[PDB]
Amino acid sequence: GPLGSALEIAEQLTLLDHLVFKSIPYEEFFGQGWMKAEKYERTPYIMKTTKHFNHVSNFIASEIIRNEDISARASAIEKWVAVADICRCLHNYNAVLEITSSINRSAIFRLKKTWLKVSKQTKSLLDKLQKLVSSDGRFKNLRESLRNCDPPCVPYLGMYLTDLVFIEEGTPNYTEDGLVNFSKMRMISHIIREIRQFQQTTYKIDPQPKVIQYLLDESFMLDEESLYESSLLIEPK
C-alpha cells in the first residue's frame, strides 16, 4: 500500500542521507573552507553532502512534474509528503527539508489545479513539516528539535555550516599577541562535537537494492529551467 511504499523510501533515503553525512571528516569543519574557491579540494565531503541534497531534491521535483495526469501528480505529492513525515519520525531532518523545499519550488507550487486534488490532510501535514524546518531564526524550530534529540539522526548540515561561519567571521584565529585564540578553538569544537555525535550512531535499517536503484536513478532529471518550462505546459499562466 501507499504507507508501505512511503515507509521503505524514507528508510532507504535515510540510510543514504546518513552515509553521506557520516563520511565528512571533522577536519573539514575547520576554517570555513566550504566558503572558499578551493572548496571542492578542501572540503570535498561537505560538498558531496550538498550535492546529495540537491540530487534528492531535484529527483523529487522531476518525478512530480513528469507525472502524466493531475491525479497521478497529486498522489505523487501525497506520497512524498508522507515520506517527509516518516523521515521526521526517524529524525532525518535533512530529508524533511529536501522534500518540503523541493515541493515548494515555484514550478510545483504554481500547479493550482493539481493542488486542488491533494488531500487536506496532506496539505496540513506539509504545513507542519515546513514550519519544523523553516529557516526563520536560523532554523529555530529545527535547532530546538535537535537539542532534545537522541541519535540515530540526520541533521541539515547547512545549519551547522552557518553557525561555524558566524564564529569564524566574528572571532580572530590569533590573539593580538599573535598567539592561537584557544577560546575560539573551543567554540568551534563544541559545534563539531554535536555533529560527530550524530555521525557516529548509525540506523538499524537493512539496505534494499531495488529501492536504492530507484532513488539513485538520474535518467529523468530535469534542470531548474526545464522544470518551470514543463510546469508552464502542464498548467499555462
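One rule holds for the numbers: they count along the sequence shown, beginning at 1.
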property: Residue stretch of maximal mean CA temperature factor, 145-153 vs 100-108; result: 145-153
property: Mean C-alpha temperature factor, higher of 215-223 and 7-15; result: 215-223
property: From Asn54, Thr171, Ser62, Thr175, residue of greatest CA B-factor; result: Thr175
property: Maximum C-alpha temperature factor, selected from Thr162, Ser134, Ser124, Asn94; result: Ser124
property: Entry-reported Cα temperature factor of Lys79, expressed as the chain third it lands in; result: lowest
property: Relative C-alpha B-factor of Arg88, binned into the chain's lowest, middle or highest third; result: middle
property: Ranked C-alpha temperature factor of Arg186 among modelled chain residues, by third; result: middle
